[PDB]
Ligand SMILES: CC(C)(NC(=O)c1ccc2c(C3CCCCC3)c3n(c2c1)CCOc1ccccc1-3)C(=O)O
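Just the one chain here, the form deposited without this ligand, laid out as structure tokens.
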């Protein structure tokens, strides 16, 4: 059998005590009252996950598959990519990346200490000399926060040692950063800020005489990825103009790490063996994106979809095409699904044809409509606020390595719920500790950034434009979704938030400087007598390079 996993019976074990119930402090009730709805996943559900993700993969590859692949390799052949030096790779490591098993940590790597650097050189040398020995990985259960829907089992994270991760950056950081946009062009989702994503989708939608669209949800995508898929990815990478040392490092990491390897729990026991995508390597995002695009492109051909345009972000897939009527479309999607299945990517929820752009969810998000200061209709990116709000409830009472609320304000700044609930609540908390100036870690497209909350108005103006501070008259469908979420979690109604916001705003203005700019721009929506919002001079000085270039989820990337 071609099983995604084989297991020894050893348990996936935790690294510390794990909390599953929402921690509660004196601030918790100001955000939500239904605490029993928020939970975190733990290793206790890791066995249930192992069950779901362990299956036999069969793959039948036809001429559409090979045709798309040759086209992809033709574009990949135009890419020239460079090896990073050790210092460069080290400086890309998150400060609290998991320490090495060889007696150094992420801080020693970042500081280029002799023990970290020497070992990295020794790992590199071993990669060039040995192209067969499977590389050990650690398997963990992720602790992630959700609202009961009741419970999702914990996801599994599979990752190699810190020295190897630095070596992966050296060989592949420039490749995974530049190749997907070259191969997939306008279809590569991670090149877009949220506004550009919205622009791409709307323009694509308008470019069809009779538009039809659908999202495609692969069942446990990482588990569907076969040895073939992973060797196909390597062959694409090798199309690049690369140093012969990078060629050798990439071959080696493919053979020894990417295709598969033994799994070790946190106690050092052998848990079994992986034959599918490792969720915590540098190539996780790029590999998944390339493989999802290959399979989907070939499936579009197989299904004879007319004038199909895709948007792919890792395992996340949206297709927009020419409609041929409701019946022909439902038929086409069934053929598309069959093709995908034959390629090892069967669906979770079966895909359905959609005739309203606003109702297509991709990357957990949708397009919606609001109005700017001049009353002009404006499209913007939004999402169901449930998960953002559950994580904020958790982050309200617990410090966490990644502040999802901050990532969410940045990505969803134009939304009704980010502005009325998240900015209000978190600025209120930060004021009360005078922690406005304290840099916080967050993630955007899987890479980690250290961000000062006082820089939000400028960050938002750079990413979303001044209109993100001006939007009004949101759509009934959006207002109803937000209101439904507030009922579910026991969040105070929007009117309470408006009230609180006038207070937060007044408090920030009182502080002058950057704090007062936050009060001015972020909360201008809260007062009847609205201030005049002008371009912020600090905004045009922001080094927002690399922000929306590529996706690095699982990839251990720090861009600060």
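Positions refer to the first chain, counted from 1.
The same protein also exists as the form deposited with this ligand bound; that form is not shown, yet it is the one meant from here on.
Site status: blocked, since this ligand, placed here by C-alpha superposition from its pose in the bound PDB entry, has 3 or more atoms within 2.4 Å of backbone or C-beta atoms. Although the partner is absent here, residue 93 is not a contact residue: none of its heavy atoms lies within 4.5 angstroms of this ligand in the bound PDB entry. Not displayed here, this ligand is approached by residue 497 to within 4.5 Å at the level of heavy atoms in the bound PDB entry.
In the bound PDB entry, this ligand sits beyond 4.5 Å of every heavy atom of residue 518.
Within this chain, residue 293 is remote from the site of this ligand in the bound PDB entry, having no heavy atom within 4.5 Å. Just one listed stretch, out of 324-332, 123-131, 171-179, 389-397, contacts this ligand in the bound PDB entry at the 4.5 Å heavy atom level, and that stretch is 389-397.
Within 4.5 Å of this ligand in the bound PDB entry, a heavy atom is found for none of 61, 303 and 347. Though this ligand is absent from this view, in the bound PDB entry it lies within 4.5 Å of a heavy atom of just one residue from 422, 81, 232, 308, which is 422.
For the residues 477, 105, 490, 465, the 4.5 Å heavy atom test against this ligand in the bound PDB entry is passed only by 490.
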